[PDB]
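A single chain, nothing else alongside it, follows as structure tokens in the form deposited in one PDB entry.
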């Protein structure tokens, strides 16, 4: 089940969540670590075990982990995040 959650990021604030994996290896990037006291916690949606699919309309499945880091950083102010609950 795909979940659409909109998170507001600021220039002074960071991502608030850590990702792991590697598309180049043959697997999509997912959320594993969460920083307590950041936009991620404020959203109440960024949970451990989230599979990334698209960010701000940009496809991540066809991009590499390193490339995704740069693209994610390009998102300013309002950032749209699309992930799927994995268990």
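Numbering follows the first chain given and starts at 1.
The next section is about a form of this same protein that is not shown, the form deposited with a partner chain bound.
Taking the partner from the other structure, its partner chain in the entry with it bound has no heavy atom within 4.5 Å of any heavy atom of residue 11. The closest heavy atom approach of residue 32 to its partner chain in the entry with it bound falls within 4.5 Å.
Its partner chain in the entry with it bound comes within 4.5 Å of a heavy atom belonging to residue 25. Proximity of residue 38 to its partner chain in the entry with it bound: non-hydrogen atoms within 4.5 Å are present.
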